[PDB]
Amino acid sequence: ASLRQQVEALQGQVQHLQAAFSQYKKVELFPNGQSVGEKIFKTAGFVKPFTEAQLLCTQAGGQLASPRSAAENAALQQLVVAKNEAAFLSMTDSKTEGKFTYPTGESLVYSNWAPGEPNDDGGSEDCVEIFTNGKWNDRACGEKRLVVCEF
């Protein structure tokens, strides 16, 4: 019978954690995070070249923003808009020009290219930036763009 009461104790401890944490989730994401589905985008608030931004995300236990649906892209757009700085996405066509892939090598399952993009301008645009309007444009990886990671 002590076990039933033992379960009764846990239930109360779990309810408290659930309630307290739900409040902190909101506090934490304000103002540099955006939750969408089971994914969370978090911006560093500063700009870095692709290779550097990529390293920051992976070392933090995540990866560069990789919107895989319209919902995710719009969520990401909210941050870019708020910071008013275009950001880098994780995908590139550095291995096979014309073929963009996620850091894993998988082909894109979603894309929101601005009209005429990607266009490998100047013959050297292998990274992707997302504008404040939410559209994508392949851009030189050496450029500095807002760092946004997904977790």
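Position 1 is the first residue in the sequence shown; the rest follow in order. Basically, rigid core = biggest C-alpha set you can superpose within 1.5 Å across the two forms.
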Check your understanding: Core-aligned, which moves more in 8 other deposited structures of this protein: 7 to 15 or 135 to 143, by CA RMS?
Key -> 7 to 15
Study note, to complete from the structure: Once average C-alpha B-factors are taken from the entry for 5 to 13 and 19 to 27, the winner is 5 to 13
Study note, to complete from the structure: Stretch with higher mean Cα temperature factor, 65 to 73 vs 91 to 99, is 91 to 99
**Study point:** Largest Cα B-factor, entry values, listed residues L108, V36, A114, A44
**Key:** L108
Practice item. Taking the values exactly as deposited, rank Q59 by C-alpha B-factor within its chain and report the matching third: lowest, middle or highest. Key: highest
Check your understanding: Hey, what third does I40 fall into on Cα B-factor, ranked over its chain?
Key -> lowest
Practice item. Please place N32 in the lowest, middle or highest third of its chain by C-alpha B factor as given in the entry. Key: lowest
